[PDB]
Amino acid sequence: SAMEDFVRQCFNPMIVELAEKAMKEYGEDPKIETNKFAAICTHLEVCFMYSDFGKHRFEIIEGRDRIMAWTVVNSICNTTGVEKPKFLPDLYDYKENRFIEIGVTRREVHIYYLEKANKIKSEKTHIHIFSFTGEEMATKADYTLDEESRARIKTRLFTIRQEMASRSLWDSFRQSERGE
């Protein structure tokens, strides 16, 4: 498939390694579930771009094995007092002192927003949704990052989108709702 080839073409090795690991945690083959392969990679990259942009302001919980992810969640909760999320989130924002759930969607942002929000049902985890179209939605329209940092995520997402479309892989990808 050209999709696996493109995943290994545009995503640096670190992310692809982690993506295959998270794909085995579902008995899943990235050579078959390749749209999930790419979505997992893209999301991972968004989380990593977000953390680095914010003296470290964000703690990455995404990309950890579940033992260490929940260990970091628990350490944060016990030293700040934030409420234990029911589900593992993506970042902790030490500045606003909240958990952030990063959403990357091929659908409208408002829709995947309502989806994550209705799933988490704890208005104490901040949601920030990014599309491949330079659109973003976010709890209380608080976007956390400076405008520039968000420019950078949106440019990267739109670049994956155009690079998939130059390979004739974007119609398949947007017409899939896995990785979401």
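So that there is no doubt, residue numbering starts at 1 and follows the sequence shown.
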query	finding
Unmodelled deposited residues between residue 54 and residue 55, binned	4 to 9
Higher-scoring stretch by recorded Cα B factor average, 151-159 or 115-123	115-123
Mean C-alpha B-factor comparison - 134-142 and 25-33, higher one	25-33
Highest recorded Cα temperature factor - choice among 129, 41, 47, 67	67
For residue 97, the third of its chain into which the C-alpha B factor falls	middle
Among modelled residues of the same chain, the CA temperature factor third for residue 81	highest
Third assignment of residue 12 from its chain's C-alpha B-factors	highest
Lowest, middle or highest third - CA B-factor, residue 169	middle
